[PDB]
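Q: give me coordinates for this.
(chains A, B, C and D, ligands or ions: 4)
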Protein chains: 4
Amino acid sequence: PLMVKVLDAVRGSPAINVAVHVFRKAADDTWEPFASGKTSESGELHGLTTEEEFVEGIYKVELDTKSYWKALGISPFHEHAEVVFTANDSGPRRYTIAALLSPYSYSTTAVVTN
Amino acid sequence: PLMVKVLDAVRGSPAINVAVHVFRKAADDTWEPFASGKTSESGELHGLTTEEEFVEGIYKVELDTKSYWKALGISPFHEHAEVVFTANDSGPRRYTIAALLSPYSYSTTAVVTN
Amino acid sequence: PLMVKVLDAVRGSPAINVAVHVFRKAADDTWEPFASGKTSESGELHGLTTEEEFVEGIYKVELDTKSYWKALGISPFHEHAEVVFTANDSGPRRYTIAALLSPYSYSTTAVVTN
Amino acid sequence: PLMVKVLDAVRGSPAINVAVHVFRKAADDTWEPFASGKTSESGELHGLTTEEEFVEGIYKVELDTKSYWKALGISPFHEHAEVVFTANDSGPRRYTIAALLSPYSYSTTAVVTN
Ligand SMILES: [Mg+2]
Ligand SMILES: [Mg+2]
Ligand SMILES: [Mg+2]
Ligand SMILES: [Mg+2]
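A: Numbering: from 1, shown residues only, chains lettered A, B, ... in the order given. Ligands and ions are numbered 1, 2, ... in the order given. Next up is the structure itself:
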């Protein structure tokens, strides 16, 4: 139900080997680790969760953008990029969290499909 | 030393009355409230802090984008837009945190000057 | 060698049925029609050209964003979105022209892979 | 009535000395030169035109991003960034054309005020 795709706006390439951590908000409002991985050679991260596990709730997807830019020898602004959203059952649904990275800027878009 | 500017990509206008909360990471690794405010009719938020108060640290600027869109009748994807960065680690700088908002997407850029 | 992918930042969806025109710059500096199509249900447009046809030169990819937003009943700013670039033989290469659309804003990124 | 503002997403700075050419579509459907200039140290370009001269029409604002990046030692993807729009079709407006530049990506937003 949840995929992450990351692009590099400096090199015009997939952003490879980006660490991605997903958290789910707990009843005590803390962030509990939910799933994680690293983006592939295609800048994508699949298989984070399953339909059974990915119930409604508030999720945070954190991309370690600082480590990514450091590895490329480029001084970045952000510590990380965080994407926070509520998962909503309103029919069958797939979430793609897309991110476009520059050293002092990023954009993120949600592509939500049936 | 810290200003926030927000635009609405649907209307082609400043994003007015966006609530902004700034936090600073404390010694115990928790997020301590640092300053807050709301964007003006120009989409800008000035006067959050001072050169004296704005010491080195890791800061989080949280824009309440969900409330912004809902007040305009739109159910957006994100809970908020969070911008996390180390500030002033090589001396005082002036930071403009810019954000561009769409219902299922946002971008953020930092302009940093000496 | 050339693919186009378009996303809709208002609906968080592929941008479907977007008209795409590709032009190649001629010797007299005019834009000559090269290929065209409409994005699919996945927001993608494949099969525009072939390795044999897609030689080095200056190309323009035009997305009819105005007609797209009009069909959705949304007032847009731009007449269209234009992406202009030189194709460069520097090893085996695939170009993806990606675009993210809002009514008063768009971004475009080139993903260039081997 | 027409201002251009450009930021550099690699440096987190204004994009200084970006050449800007404005064209207006003539009655014979060709692009007639309308105004030009370059961005200041603030990344802004003011004084392109006047309320009297800036009549209804279809305008193209072309930013020479390729020359900008090459002067900084970067071989970018795009030849330029072109922004094409109908202006003043329901009376005089003020237009800010904003652009955010990366070597293989750019975004542009319009802020339109009455
Ligand atoms: Mg429900
Ligand atoms: Mg120190
Ligand atoms: Mg060559
Ligand atoms: Mg009229």
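
Q: contact residues of chain A facing chain B?
A: Contacts of chain A with chain B, taken as Cβ under 8 Å from any Cβ of the partner chain, map to A:58, A:77-80, A:82-86, A:100, A:102, A:104-112. To be clear about C-beta, it is placed using only N, CA and C from the backbone, and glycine gets the same treatment.

Q: list the contacts for the residue nearest to residue A:45 when sequence neighbours are not counted?
A: Once flanking residues are discounted, residue A:45 sits nearest to residue A:4: 4.3 Å by Cβ to Cβ, 6 or more residues apart in numbering or on different chains. Applying Cβ atoms under 8 Å, 6 or more residues apart in numbering or on different chains to residue A:4 gives the contacts A:20, A:39, A:44-45, A:48, A:61, A:63, A:96-99.

Q: what about residue A:4, which helix or strand?
A: Here residue A:4 is covered by strand A:2-8, with elements defined by DSSP states H and E.

Q: residue A:68 too?
A: Using DSSP H and E, residue A:68 sits in helix A:65-71.

Q: how about that helix: buried residues?
A: By neighbour count on 16 or more other Cβ atoms under 10 Å in any protein chain shown, the buried set for helix A:65-71 is A:65-66, A:68-69.

Q: and the nearest residue to residue A:69 once chain neighbours are set aside, how many neighbours does it have?
A: Leaving aside its chain neighbours, residue A:69 sits nearest to residue A:76 (3.8 Å; criterion: Cβ to Cβ, 6+ apart). Residues near residue A:76, counting by other Cβ atoms under 10 Å in any protein chain shown, number 24.

Q: ok, the one 10 residues further on next?
A: Applying other Cβ under 10 Å, we find 13 other residues in the vicinity of residue A:86.

Q: that one reaches residue A:60, doesn't it?
A: No: look at residue A:86 against residue A:60 with Cβ atoms under 8 Å: they stay out of range, at 10.9 Å.

Q: now the strands: where do they sit in chain A?
A: Taking DSSP state E as the test, the strands found in chain A are A:2-8, A:13-14, A:19-25, A:31-38, A:44-45, A:57-63, A:78-87, A:94-102, A:105-113.

Q: format those strands as a markdown table; extra columns: distance to residue C:52.
A: As requested, those are exported to a markdown table (distance: least, Cβ to Cβ, whole Å):
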| stretch | distance to residue C:52 |
| --- | --- |
| strand A:2-8 | 28 |
| strand A:13-14 | 25 |
| strand A:19-25 | 39 |
| strand A:31-38 | 37 |
| strand A:44-45 | 30 |
| strand A:57-63 | 39 |
| strand A:78-87 | 40 |
| strand A:94-102 | 32 |
| strand A:105-113 | 33 |
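
Q: thinking again about what came up before, using PDB, write down the CA coordinates of the strand holding residue A:4.
A: The C-alpha coordinates for strand A:2-8 follow below in PDB (Å, rounded to 0.1, in the frame of the first residue of the first chain):
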ATOM      1  CA  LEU A   2       2.900   2.400   0.400                       C
ATOM      2  CA  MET A   3       5.800   3.200  -1.900                       C
ATOM      3  CA  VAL A   4       8.500   5.900  -1.800                       C
ATOM      4  CA  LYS A   5      10.200   7.400  -4.900                       C
ATOM      5  CA  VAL A   6      13.100   9.900  -4.700                       C
ATOM      6  CA  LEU A   7      14.700  12.000  -7.400                       C
ATOM      7  CA  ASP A   8      17.900  14.100  -7.400                       C
END
